[PDB]
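A.B. asks: Before we start, here is the structure in question, set down as structure tokens.
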Amino acid sequence: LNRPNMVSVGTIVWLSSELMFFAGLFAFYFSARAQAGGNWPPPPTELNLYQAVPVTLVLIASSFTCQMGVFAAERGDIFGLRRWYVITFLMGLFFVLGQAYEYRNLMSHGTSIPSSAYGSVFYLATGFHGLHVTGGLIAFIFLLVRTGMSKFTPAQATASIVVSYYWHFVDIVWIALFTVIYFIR
Amino acid sequence: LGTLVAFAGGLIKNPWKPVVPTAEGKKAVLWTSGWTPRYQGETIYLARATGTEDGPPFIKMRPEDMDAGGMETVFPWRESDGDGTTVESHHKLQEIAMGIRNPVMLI
Amino acid sequence: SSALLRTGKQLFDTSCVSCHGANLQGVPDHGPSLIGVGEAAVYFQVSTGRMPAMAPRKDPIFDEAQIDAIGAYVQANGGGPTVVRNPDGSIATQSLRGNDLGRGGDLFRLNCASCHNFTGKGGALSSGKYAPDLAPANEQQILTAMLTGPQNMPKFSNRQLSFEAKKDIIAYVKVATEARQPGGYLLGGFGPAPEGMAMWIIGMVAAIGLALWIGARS
Amino acid sequence: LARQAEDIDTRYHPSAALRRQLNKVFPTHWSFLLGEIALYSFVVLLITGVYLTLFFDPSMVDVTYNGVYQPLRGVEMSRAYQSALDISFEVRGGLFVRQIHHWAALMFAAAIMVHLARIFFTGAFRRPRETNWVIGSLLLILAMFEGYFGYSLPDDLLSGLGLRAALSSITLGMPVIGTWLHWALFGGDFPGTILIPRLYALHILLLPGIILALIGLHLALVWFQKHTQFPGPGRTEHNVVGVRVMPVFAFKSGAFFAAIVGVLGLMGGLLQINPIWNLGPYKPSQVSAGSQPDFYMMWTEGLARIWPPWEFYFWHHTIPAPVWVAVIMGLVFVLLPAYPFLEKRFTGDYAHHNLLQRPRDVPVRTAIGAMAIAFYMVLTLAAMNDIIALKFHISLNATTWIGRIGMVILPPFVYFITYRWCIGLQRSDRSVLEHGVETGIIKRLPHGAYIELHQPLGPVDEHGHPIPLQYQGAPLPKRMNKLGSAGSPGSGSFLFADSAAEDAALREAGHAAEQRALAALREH
Ligand code: HEC
Ligand code: HEC
Ligand code: HEM
């Protein structure tokens, strides 16, 4: 019974709506970018390439570990699932501390939210991504707590899988944003 | 009854006895506010507060020193009080400062 | 200067003529005459974002030194209090700060604290308008606003209050708000009502959670 | 040690009474700990107050500060405020201790209010324990008055204004006696040289001692007369179900005391309370929006605020409005201990009861409780009008009118709503009694129907539909997971599983233990 899973399609359409939310955010950012000529970033701003790439590597490694957790998930093993999810949670927490440190460094040297338009749009674009990453960590915590309180059912596996490709979607949108910002400029 | 009456006798006071001297004899505290003249013709200035210790706590007030929407606080002066130099004058100034029914607005 | 002031006030018809008239006559329906107030009134009412509205604070409209032009225009039209300036061509910033604090604090608790607050936060008035918080206030605008007498605020003359009194008042205002509270997290500077709210929302919840954890339900 | 026990037994010969009390059994329920919290808070207040008394000086002679707080140097001020500033700033950790004291007092007030509410809801105020209810009412009134006297010793602008307004206006407003009481209390006019020492003495000596003695009396009464218990499987009106003292009861009490001290200390260290240094010394000429005193007598302030201005004028006399406020608060005081007599002479019930009733069973009492709590909440929130209009841009007059009209119109609405709510809860309980609890599973029934597949809770008829049960006033589960269906996952800790034999042994041992406990409770 129930050859497809309604949770799957529900999460798919929810991620679609969130993808359009990020579409709106990208629309805000790309607007007025061409309105400034030459050095369209303000000089009181210089992105640290030596610190942005490591967090991207962190996130892609976390996504790969999450996929390994999924592969453990479709079969009857909960403990490896918990181990992989804990590794992913720690990796994401390290990432979050990474952009927190970047945030502290950036405002300390001029540019702030009310300072320049470029700073405002960059801060707005990154803030929603950070909030969604924190929500994903909360989802990890809730799901891992739920696993150890009762028996194992296909519903638990479905929840794990939907959270997993929600995280994968987060990784994809983050790498797209990184390519937009640090490379195309 | 005798013991309880003796025990309760330490708190009873008359709120209607004349203790405060006035210009028409002596009146109870509740009927006075410190603005009552004391010898029928005293000159009392609407002195305003200053907040400084070296300078007098209250200084006299001139009509020109106001504005169309100015709010000020004044207190009775009683020139015989004097400025806050001697101990008696300072204590009298503090006494006139600590009065519930003393402060008056002038708008 | 004066011609540039006329350009920025009247020829910049976005600002002046729509409510007070080209000759600063003052249309009785909307606004006042605006003929006896000095440049200080304009400086305070413009630099603090209290710009024409449809009036809580907002972003300023004119900032690129044209506020000085507007002040010069209005002071030429009619006399009044003027902005206190630093002896170098700029506006005084720290020379206005005084030294005495006890007298300043006493004056604050005698005339300032009544509307604003004990600690300078927002205060509550009747029928709409209120008392704004003094946290976003800057000292020059503080002195100018006192000397100007804005809406619902008693106007204060330099004759009745000494200049040293203004220095002490602004010194106390800047000390009270900018100093770290030596009692941990602050709770808005109000009375014990937020304290009771915090007790009901935190102490009660944690206490009943610990009671449920320790106890059993049956 | 054996020798010490032998000597103690040979000297005082205590074994029997000690065995009697040590074998006492106490009921087990989370709602039964809402008095221990208040008692522990009381202990905290007592210890802190013992500490604070070593650095205070209650004198109203004017002095100069010349201490360490620069923005307050060279100002005429009361001695007591100087001592309070000394305790706050010039003693290592004194501010922490006084903040703990104030927070603990608020803890005490909230705990006593919650405990009274739970007692009123459970309906334990019947014939066997009416004097306990009267004593509790007296305790509440005395504690409220003591708390009012608490925040007034450091006579700042807030405390001075509050005490001035309340005491002076109410006492001077008395119709017949009036000025006599005020002059006796203050020794003349309002600002007296003896007021603060008298208040300090009353706050340290009389009220705390009376409160402690009455609390001991209440605890002794609840000790002798055995505690009630909720209805259950092995519960009856002639026995008490629970645990003994030695292995559980005292240990849980100590752990709860430690936890409550912990939360008090944490939240005291985190939250600033009553920053008197930010305030100023009390003077008659200084006043501002600073109002709304402590939140456990705030209802009196709200009642004073909302009351309409009615006055009477006859031959050279005048009765002001606040006399009505005094009448209302006196009637509220009177009604609190008189409620059980009214109930027992209204319903005509004179039967003993050792078993409580769940809140949804009795609609009328719950409706009256909702009446009272809604009235108290609307009165309390009315007094916070200024902050309402400040934080949220609302008209002050509009909010005052809203409170005034709501004090009359809201009570009947919530009364009717909670009556309907209780009736609906009873209906739902009857419905879940009639059929099996819903399992949340549907079946296709190839002929074309859909069924709930109720799980029966007991006997089943020949048709498969469980026979109706009877209501015994006992709670029943409304969710499948509440009863044992599928739980207790693998024996791993957080990352690594254990041996299968160990997990199976643990599972069977736990199931056997729970089944044995349930069988022993049900059969006996
Ligand atoms: C009607 C829209 C409107 C416009 C346009 C407007 N104001 Fe006002 N402002 C008011 C009104 C109305 C008042 C009267 C008092 C109040 O409402 O606070 C006022 C008050 C003032 C005050 C303080 C009160 C006083 O008597 O001086 C000053 C100064 C002032 N306006 C100057 C200006 C200046 C300078 C401009 C051009 C930048 C301007 N106004 C344009 C609305 C406006
Ligand atoms: C309730 C009567 C009242 C009194 C008393 C009063 N104020 Fe004001 N004041 C106001 C009102 C109302 C405003 C805001 C008006 C507006 O925003 O249009 C204001 C404005 C201010 C501002 C400007 C804040 C800002 O962000 O622009 C400061 C600073 C200030 N007051 C401080 C003081 C000082 C200093 C005193 C003592 C001289 C004082 N208040 C006494 C009514 C009062
Ligand atoms: C009976 C319950 C009590 C209540 C409701 C109560 C109420 C209060 C309150 C509200 C304060 C203000 C706290 C503060 O400002 O930080 C206070 C302070 C104080 N209380 Fe109590 N108190 C109680 C018991 C005691 C006891 C038993 C003592 C000791 C005899 C005591 C002595 C003090 C002292 C010395 C202070 C000064 C500390 C201060 O105000 O900062 N109190 N009390």
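Ligands are numbered from 1 in the order shown, residues from 1 within each chain, and chains are lettered A, B, ... in the order they appear in the structure tokens.
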Taking only segment 13-174 of chain A into account, list the residues labelled alpha helix (DSSP H) by DSSP (computed from the backbone), as an MDAnalysis selection string.
C.D. replies: chainID A and resid 13:30 49:73 79:107 117:147 154:174
A.B. asks: Ligand 2: which residues are within 8 Å, counting only C-alpha atoms and all ligand atoms, as a compact mmCIF listing (two decimals) with C-alpha atoms, in the first residue's frame?
C.D. replies:
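Saved result, pocket.txt, follows:
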```txt
# COMPACT_ATOMS: atom_id res chain seq x y z
CA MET B 71 6.96 75.26 33.36
CA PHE C 44 16.82 70.31 15.65
CA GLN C 45 13.66 69.60 13.66
CA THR C 48 16.69 64.47 13.97
CA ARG C 50 11.27 64.92 12.34
CA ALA C 55 5.35 62.35 13.74
CA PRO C 56 7.83 59.82 15.13
CA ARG C 57 11.52 59.98 14.29
CA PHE C 108 17.11 65.96 35.70
CA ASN C 111 12.36 68.74 35.48
CA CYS C 112 13.57 66.10 33.00
CA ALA C 113 12.62 62.76 34.58
CA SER C 114 8.93 63.70 34.90
CA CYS C 115 7.99 62.96 31.28
CA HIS C 116 10.86 60.99 29.79
CA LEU C 125 1.60 60.58 28.04
CA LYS C 129 1.63 61.45 21.82
CA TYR C 130 4.30 60.04 24.13
CA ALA C 131 7.80 60.67 25.50
CA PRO C 132 10.58 59.34 23.23
CA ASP C 133 13.60 57.49 24.54
CA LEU C 134 16.78 59.53 24.92
CA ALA C 135 19.05 56.71 23.71
CA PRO C 136 19.24 57.95 20.07
CA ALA C 137 19.69 61.56 21.23
CA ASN C 138 22.92 63.47 20.59
CA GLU C 139 24.07 66.25 22.89
CA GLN C 141 20.31 68.23 19.53
CA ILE C 142 19.53 67.72 23.24
CA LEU C 143 20.52 71.30 24.08
CA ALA C 145 15.64 70.79 21.58
CA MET C 146 15.45 72.08 25.14
CA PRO C 150 9.07 71.35 20.35
CA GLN C 151 5.51 70.01 20.30
CA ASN C 152 4.03 69.12 23.70
CA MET C 153 7.35 70.00 25.34
CA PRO C 154 7.73 73.01 27.66
CA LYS C 155 9.98 75.60 26.06
CA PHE C 156 13.02 76.48 28.17
CA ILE C 169 22.23 68.10 32.31
CA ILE C 170 23.75 66.77 29.09
```
A.B. asks: Find, counting only C-alpha atoms, the residue in D:443, D:345, D:118, D:393 that gets nearest to chain C.
C.D. replies: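 Result for the nearest residue to chain C: D:393.
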A.B. asks: Would you give me, as a PDB file with N, CA, C and O atoms, in the first residue's frame, the residues of chain B that come within 12 Å of chain C, using only C-alpha atoms?
C.D. replies:
```
ATOM      1  N   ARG B  48      12.693  79.682  43.261  1.00  0.00           N
ATOM      2  CA  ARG B  48      12.808  78.425  42.540  1.00  0.00           C
ATOM      3  C   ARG B  48      14.055  77.672  42.986  1.00  0.00           C
ATOM      4  O   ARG B  48      15.013  78.263  43.491  1.00  0.00           O
ATOM      5  N   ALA B  49      14.029  76.357  42.799  1.00  0.00           N
ATOM      6  CA  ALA B  49      15.154  75.524  43.194  1.00  0.00           C
ATOM      7  C   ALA B  49      16.343  75.747  42.266  1.00  0.00           C
ATOM      8  O   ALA B  49      16.193  76.139  41.106  1.00  0.00           O
ATOM      9  N   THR B  50      17.536  75.493  42.793  1.00  0.00           N
ATOM     10  CA  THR B  50      18.777  75.659  42.046  1.00  0.00           C
ATOM     11  C   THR B  50      19.556  74.366  41.880  1.00  0.00           C
ATOM     12  O   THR B  50      20.108  74.120  40.805  1.00  0.00           O
ATOM     13  N   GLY B  51      19.618  73.532  42.916  1.00  0.00           N
ATOM     14  CA  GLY B  51      20.337  72.280  42.847  1.00  0.00           C
ATOM     15  C   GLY B  51      21.821  72.366  43.127  1.00  0.00           C
ATOM     16  O   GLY B  51      22.515  71.349  43.002  1.00  0.00           O
ATOM     17  N   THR B  52      22.331  73.535  43.500  1.00  0.00           N
ATOM     18  CA  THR B  52      23.738  73.716  43.818  1.00  0.00           C
ATOM     19  C   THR B  52      23.911  73.920  45.317  1.00  0.00           C
ATOM     20  O   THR B  52      23.011  74.411  46.005  1.00  0.00           O
ATOM     21  N   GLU B  53      25.080  73.527  45.822  1.00  0.00           N
ATOM     22  CA  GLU B  53      25.352  73.599  47.252  1.00  0.00           C
ATOM     23  C   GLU B  53      26.034  74.906  47.643  1.00  0.00           C
ATOM     24  O   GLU B  53      25.657  75.529  48.641  1.00  0.00           O
ATOM     25  N   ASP B  54      27.044  75.328  46.878  1.00  0.00           N
ATOM     26  CA  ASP B  54      27.716  76.590  47.172  1.00  0.00           C
ATOM     27  C   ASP B  54      26.755  77.766  47.035  1.00  0.00           C
ATOM     28  O   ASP B  54      26.657  78.612  47.930  1.00  0.00           O
ATOM     29  N   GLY B  55      26.037  77.831  45.918  1.00  0.00           N
ATOM     30  CA  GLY B  55      25.008  78.824  45.736  1.00  0.00           C
ATOM     31  C   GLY B  55      23.801  78.516  46.598  1.00  0.00           C
ATOM     32  O   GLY B  55      23.604  77.381  47.041  1.00  0.00           O
ATOM     33  N   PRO B  57      20.258  77.399  47.826  1.00  0.00           N
ATOM     34  CA  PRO B  57      19.350  76.399  47.242  1.00  0.00           C
ATOM     35  C   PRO B  57      18.189  77.015  46.484  1.00  0.00           C
ATOM     36  O   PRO B  57      17.723  76.428  45.499  1.00  0.00           O
ATOM     37  N   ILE B  59      16.594  80.812  44.800  1.00  0.00           N
ATOM     38  CA  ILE B  59      16.881  82.176  44.379  1.00  0.00           C
ATOM     39  C   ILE B  59      15.575  82.845  43.978  1.00  0.00           C
ATOM     40  O   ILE B  59      14.609  82.182  43.590  1.00  0.00           O
ATOM     41  N   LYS B  60      15.554  84.173  44.064  1.00  0.00           N
ATOM     42  CA  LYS B  60      14.342  84.918  43.768  1.00  0.00           C
ATOM     43  C   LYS B  60      14.012  84.843  42.281  1.00  0.00           C
ATOM     44  O   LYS B  60      14.838  84.463  41.447  1.00  0.00           O
ATOM     45  N   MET B  61      12.778  85.219  41.952  1.00  0.00           N
ATOM     46  CA  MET B  61      12.227  85.014  40.621  1.00  0.00           C
ATOM     47  C   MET B  61      11.722  86.333  40.054  1.00  0.00           C
ATOM     48  O   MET B  61      11.036  87.092  40.745  1.00  0.00           O
ATOM     49  N   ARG B  62      12.059  86.597  38.791  1.00  0.00           N
ATOM     50  CA  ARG B  62      11.621  87.803  38.109  1.00  0.00           C
ATOM     51  C   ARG B  62      10.599  87.467  37.029  1.00  0.00           C
ATOM     52  O   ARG B  62      10.704  86.419  36.383  1.00  0.00           O
ATOM     53  N   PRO B  63       9.600  88.329  36.813  1.00  0.00           N
ATOM     54  CA  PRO B  63       8.583  88.030  35.791  1.00  0.00           C
ATOM     55  C   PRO B  63       9.145  87.910  34.387  1.00  0.00           C
ATOM     56  O   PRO B  63       8.634  87.112  33.592  1.00  0.00           O
ATOM     57  N   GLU B  64      10.179  88.684  34.054  1.00  0.00           N
ATOM     58  CA  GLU B  64      10.752  88.629  32.714  1.00  0.00           C
ATOM     59  C   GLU B  64      11.428  87.294  32.429  1.00  0.00           C
ATOM     60  O   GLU B  64      11.570  86.923  31.259  1.00  0.00           O
ATOM     61  N   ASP B  65      11.829  86.562  33.463  1.00  0.00           N
ATOM     62  CA  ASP B  65      12.583  85.321  33.284  1.00  0.00           C
ATOM     63  C   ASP B  65      11.661  84.128  33.039  1.00  0.00           C
ATOM     64  O   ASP B  65      11.788  83.078  33.663  1.00  0.00           O
ATOM     65  N   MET B  66      10.738  84.275  32.092  1.00  0.00           N
ATOM     66  CA  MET B  66       9.807  83.212  31.743  1.00  0.00           C
ATOM     67  C   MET B  66       9.569  83.233  30.242  1.00  0.00           C
ATOM     68  O   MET B  66       9.965  84.166  29.538  1.00  0.00           O
ATOM     69  N   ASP B  67       8.908  82.185  29.757  1.00  0.00           N
ATOM     70  CA  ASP B  67       8.591  82.033  28.347  1.00  0.00           C
ATOM     71  C   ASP B  67       7.104  81.744  28.192  1.00  0.00           C
ATOM     72  O   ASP B  67       6.389  81.506  29.169  1.00  0.00           O
ATOM     73  N   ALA B  68       6.641  81.766  26.941  1.00  0.00           N
ATOM     74  CA  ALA B  68       5.227  81.560  26.652  1.00  0.00           C
ATOM     75  C   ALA B  68       4.748  80.153  26.984  1.00  0.00           C
ATOM     76  O   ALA B  68       3.539  79.951  27.129  1.00  0.00           O
ATOM     77  N   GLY B  69       5.652  79.184  27.095  1.00  0.00           N
ATOM     78  CA  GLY B  69       5.268  77.831  27.446  1.00  0.00           C
ATOM     79  C   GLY B  69       6.160  77.225  28.509  1.00  0.00           C
ATOM     80  O   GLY B  69       6.414  76.016  28.501  1.00  0.00           O
ATOM     81  N   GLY B  70       6.640  78.055  29.431  1.00  0.00           N
ATOM     82  CA  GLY B  70       7.580  77.607  30.441  1.00  0.00           C
ATOM     83  C   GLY B  70       6.882  77.019  31.657  1.00  0.00           C
ATOM     84  O   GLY B  70       5.877  77.544  32.131  1.00  0.00           O
ATOM     85  N   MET B  71       7.436  75.916  32.153  1.00  0.00           N
ATOM     86  CA  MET B  71       6.959  75.256  33.361  1.00  0.00           C
ATOM     87  C   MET B  71       8.083  75.302  34.384  1.00  0.00           C
ATOM     88  O   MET B  71       9.216  74.912  34.084  1.00  0.00           O
ATOM     89  N   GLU B  72       7.769  75.776  35.588  1.00  0.00           N
ATOM     90  CA  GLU B  72       8.764  75.930  36.638  1.00  0.00           C
ATOM     91  C   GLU B  72       8.176  75.475  37.964  1.00  0.00           C
ATOM     92  O   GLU B  72       6.958  75.388  38.134  1.00  0.00           O
ATOM     93  N   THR B  73       9.067  75.185  38.909  1.00  0.00           N
ATOM     94  CA  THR B  73       8.696  74.792  40.260  1.00  0.00           C
ATOM     95  C   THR B  73       9.237  75.827  41.235  1.00  0.00           C
ATOM     96  O   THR B  73      10.405  76.218  41.144  1.00  0.00           O
ATOM     97  N   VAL B  74       8.390  76.270  42.165  1.00  0.00           N
ATOM     98  CA  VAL B  74       8.761  77.303  43.121  1.00  0.00           C
ATOM     99  C   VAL B  74       8.428  76.825  44.527  1.00  0.00           C
ATOM    100  O   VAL B  74       7.637  75.902  44.727  1.00  0.00           O
ATOM    101  N   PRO B 103       5.280  72.452  47.456  1.00  0.00           N
ATOM    102  CA  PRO B 103       5.591  72.775  46.055  1.00  0.00           C
ATOM    103  C   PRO B 103       4.393  73.333  45.302  1.00  0.00           C
ATOM    104  O   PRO B 103       3.251  72.918  45.509  1.00  0.00           O
ATOM    105  N   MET B 105       3.320  74.904  41.249  1.00  0.00           N
ATOM    106  CA  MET B 105       3.649  75.210  39.863  1.00  0.00           C
ATOM    107  C   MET B 105       3.259  76.630  39.484  1.00  0.00           C
ATOM    108  O   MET B 105       2.288  77.188  40.000  1.00  0.00           O
ATOM    109  N   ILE B 107       2.829  78.437  35.741  1.00  0.00           N
ATOM    110  CA  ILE B 107       2.848  78.254  34.297  1.00  0.00           C
ATOM    111  C   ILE B 107       2.479  79.573  33.637  1.00  0.00           C
ATOM    112  O   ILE B 107       1.458  80.182  33.977  1.00  0.00           O
TER     113      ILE B 107
END
```
A.B. asks: Can I get the residues close to ligand 3 as a compact mmCIF listing (two decimals) with N, CA and C atoms, in the first residue's frame, where close means within 9 Å and we count only C-alpha atoms and all ligand atoms?
C.D. replies:
```txt
# COMPACT_ATOMS: atom_id res chain seq x y z
N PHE D 42 10.55 30.41 51.12
CA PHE D 42 10.49 31.04 52.44
C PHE D 42 11.81 30.86 53.19
N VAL D 43 12.38 29.66 53.12
CA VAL D 43 13.68 29.43 53.75
C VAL D 43 14.74 30.35 53.16
N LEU D 45 14.24 33.31 51.73
CA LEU D 45 13.99 34.65 52.26
C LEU D 45 14.54 34.80 53.66
N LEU D 46 14.30 33.82 54.53
CA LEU D 46 14.77 33.92 55.90
C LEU D 46 16.29 34.01 55.97
N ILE D 47 16.99 33.14 55.24
CA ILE D 47 18.45 33.16 55.34
C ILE D 47 19.02 34.47 54.79
N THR D 48 18.52 34.92 53.64
CA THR D 48 19.01 36.18 53.09
C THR D 48 18.71 37.34 54.03
N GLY D 49 17.49 37.40 54.57
CA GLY D 49 17.15 38.47 55.50
C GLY D 49 18.02 38.46 56.74
N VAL D 50 18.39 37.27 57.22
CA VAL D 50 19.36 37.19 58.30
C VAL D 50 20.68 37.82 57.87
N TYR D 51 21.09 37.60 56.62
CA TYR D 51 22.34 38.20 56.17
C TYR D 51 22.22 39.72 56.05
N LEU D 52 21.17 40.21 55.40
CA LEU D 52 21.09 41.63 55.05
C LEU D 52 21.07 42.53 56.28
N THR D 53 20.62 42.03 57.43
CA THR D 53 20.43 42.88 58.59
C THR D 53 21.74 43.42 59.15
N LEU D 54 22.89 42.91 58.71
CA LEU D 54 24.17 43.30 59.27
C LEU D 54 24.79 44.52 58.59
N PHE D 55 24.09 45.14 57.64
CA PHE D 55 24.66 46.30 56.95
C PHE D 55 23.66 47.42 56.72
N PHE D 56 22.54 47.45 57.43
CA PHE D 56 21.50 48.43 57.19
C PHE D 56 21.44 49.46 58.31
N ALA D 84 21.64 51.56 51.87
CA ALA D 84 21.28 50.68 50.77
C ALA D 84 22.29 50.78 49.63
N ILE D 87 25.37 48.87 50.66
CA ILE D 87 25.16 47.44 50.47
C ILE D 87 25.22 47.07 49.00
N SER D 88 24.75 47.95 48.12
CA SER D 88 24.70 47.62 46.71
C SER D 88 26.06 47.72 46.03
N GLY D 94 27.21 42.25 47.78
CA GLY D 94 25.98 42.63 48.48
C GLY D 94 24.81 42.81 47.53
N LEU D 95 25.05 43.41 46.37
CA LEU D 95 23.99 43.58 45.39
C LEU D 95 23.43 42.24 44.95
N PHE D 96 24.31 41.25 44.76
CA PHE D 96 23.85 39.91 44.43
C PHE D 96 22.90 39.37 45.49
N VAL D 97 23.26 39.54 46.77
CA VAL D 97 22.45 38.98 47.84
C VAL D 97 21.10 39.68 47.92
N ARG D 98 21.08 41.01 47.80
CA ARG D 98 19.80 41.71 47.88
C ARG D 98 18.91 41.40 46.68
N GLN D 99 19.52 41.23 45.50
CA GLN D 99 18.74 40.82 44.34
C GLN D 99 18.16 39.43 44.54
N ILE D 100 18.94 38.52 45.12
CA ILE D 100 18.42 37.19 45.45
C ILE D 100 17.24 37.31 46.41
N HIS D 101 17.35 38.19 47.40
CA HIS D 101 16.27 38.37 48.36
C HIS D 101 14.99 38.82 47.67
N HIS D 102 15.09 39.84 46.81
CA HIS D 102 13.90 40.37 46.15
C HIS D 102 13.28 39.33 45.21
N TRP D 103 14.13 38.65 44.43
CA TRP D 103 13.63 37.62 43.52
C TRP D 103 12.97 36.49 44.29
N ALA D 104 13.54 36.13 45.44
CA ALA D 104 12.95 35.08 46.27
C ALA D 104 11.60 35.51 46.82
N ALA D 105 11.46 36.79 47.19
CA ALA D 105 10.16 37.26 47.66
C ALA D 105 9.11 37.15 46.56
N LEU D 106 9.47 37.54 45.33
CA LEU D 106 8.54 37.37 44.21
C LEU D 106 8.22 35.90 43.97
N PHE D 108 8.14 33.59 46.26
CA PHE D 108 7.22 33.22 47.33
C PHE D 108 5.80 33.64 46.99
N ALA D 109 5.62 34.87 46.52
CA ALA D 109 4.28 35.35 46.19
C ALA D 109 3.65 34.52 45.08
N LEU D 142 -1.42 38.08 55.24
CA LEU D 142 -0.26 38.57 55.97
C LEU D 142 0.98 38.61 55.09
N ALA D 143 1.17 37.60 54.24
CA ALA D 143 2.32 37.59 53.34
C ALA D 143 2.23 38.73 52.33
N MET D 144 1.03 39.01 51.82
CA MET D 144 0.87 40.12 50.89
C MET D 144 1.21 41.45 51.55
N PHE D 145 0.73 41.66 52.78
CA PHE D 145 1.06 42.89 53.49
C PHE D 145 2.56 43.00 53.75
N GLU D 146 3.18 41.89 54.16
CA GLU D 146 4.62 41.89 54.41
C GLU D 146 5.40 42.21 53.13
N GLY D 147 4.99 41.63 52.01
CA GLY D 147 5.62 41.95 50.74
C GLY D 147 5.45 43.40 50.36
N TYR D 148 4.29 43.98 50.67
CA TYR D 148 4.10 45.41 50.43
C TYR D 148 5.08 46.23 51.26
N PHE D 149 5.27 45.85 52.52
CA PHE D 149 6.24 46.55 53.35
C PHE D 149 7.68 46.31 52.92
N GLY D 150 7.93 45.32 52.07
CA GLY D 150 9.28 44.95 51.69
C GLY D 150 10.04 45.99 50.90
N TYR D 151 9.50 46.38 49.75
CA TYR D 151 10.20 47.28 48.84
C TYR D 151 10.15 48.74 49.27
N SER D 152 9.73 49.03 50.50
CA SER D 152 9.57 50.40 50.95
C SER D 152 10.71 50.88 51.84
N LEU D 153 11.51 49.98 52.40
CA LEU D 153 12.59 50.40 53.29
C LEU D 153 13.63 51.26 52.59
N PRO D 154 14.16 50.90 51.41
CA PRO D 154 15.03 51.85 50.70
C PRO D 154 14.21 52.96 50.07
N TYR D 200 10.71 49.18 59.40
CA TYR D 200 11.81 48.22 59.43
C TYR D 200 11.58 47.17 60.51
N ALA D 201 11.19 47.62 61.71
CA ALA D 201 10.93 46.69 62.80
C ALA D 201 9.78 45.75 62.46
N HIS D 203 8.84 44.83 59.53
CA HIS D 203 9.25 43.93 58.46
C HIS D 203 10.20 42.85 58.96
N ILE D 204 10.97 43.11 60.01
CA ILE D 204 11.93 42.10 60.45
C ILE D 204 11.38 41.19 61.54
N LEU D 205 10.53 41.70 62.43
CA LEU D 205 10.25 41.02 63.69
C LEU D 205 8.85 40.42 63.77
N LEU D 207 5.78 40.40 61.67
CA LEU D 207 5.19 39.63 60.57
C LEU D 207 5.98 38.37 60.24
N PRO D 208 7.32 38.39 60.12
CA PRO D 208 8.02 37.12 59.84
C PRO D 208 7.81 36.07 60.91
N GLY D 209 7.84 36.46 62.19
CA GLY D 209 7.63 35.48 63.25
C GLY D 209 6.23 34.90 63.24
N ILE D 211 4.25 34.74 60.66
CA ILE D 211 4.14 33.93 59.45
C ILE D 211 4.79 32.57 59.65
N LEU D 212 5.97 32.54 60.27
CA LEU D 212 6.65 31.27 60.50
C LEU D 212 5.85 30.38 61.45
N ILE D 273 17.34 43.93 39.16
CA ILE D 273 16.07 44.22 39.81
C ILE D 273 16.24 45.42 40.74
N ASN D 274 15.28 46.35 40.68
CA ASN D 274 15.19 47.54 41.52
C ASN D 274 16.51 48.30 41.59
N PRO D 275 16.91 48.98 40.52
CA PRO D 275 18.18 49.74 40.54
C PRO D 275 18.02 51.11 41.20
N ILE D 276 18.07 51.10 42.53
CA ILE D 276 17.80 52.31 43.31
C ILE D 276 18.81 53.40 43.02
N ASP D 294 4.97 46.41 43.04
CA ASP D 294 5.11 44.96 42.91
C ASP D 294 3.81 44.29 42.48
```
A.B. asks: Separation of atom CA of residue 299 of chain D and atom CA of residue 384 of chain D, in Å?
C.D. replies: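 Going from atom CA of residue 299 of chain D over to atom CA of residue 384 of chain D covers 10.1 Å.
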A.B. asks: Hey, list the chain C side of the contact with chain D: 6 Å cut-off, only C-alpha atoms, answer as a PyMOL selection string.
C.D. replies: chain C and resi 101-102+110+114+124+126-128+183-186+192+196+212+215-217
A.B. asks: At a cut-off of 7 Å, using only C-alpha atoms, what residues contact residue 81 of chain C? Leave out same-chain residues fewer than 2 positions from it and give the result as a list in words.
C.D. replies: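 After dropping sequence-adjacent residues, the list is residues 38, 39, 40 and 83 of chain C.
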A.B. asks: Record the distance separating atom CA of residue 180 of chain A and atom CA of residue 125 of chain A, expressed in Å with one decimal.
C.D. replies: 11.5 Å
A.B. asks: Atom CA of residue 422 of chain D and atom CA of residue 363 of chain D are how many Å apart?
C.D. replies: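 Between atom CA of residue 422 of chain D and atom CA of residue 363 of chain D the gap is 5.6 Å.
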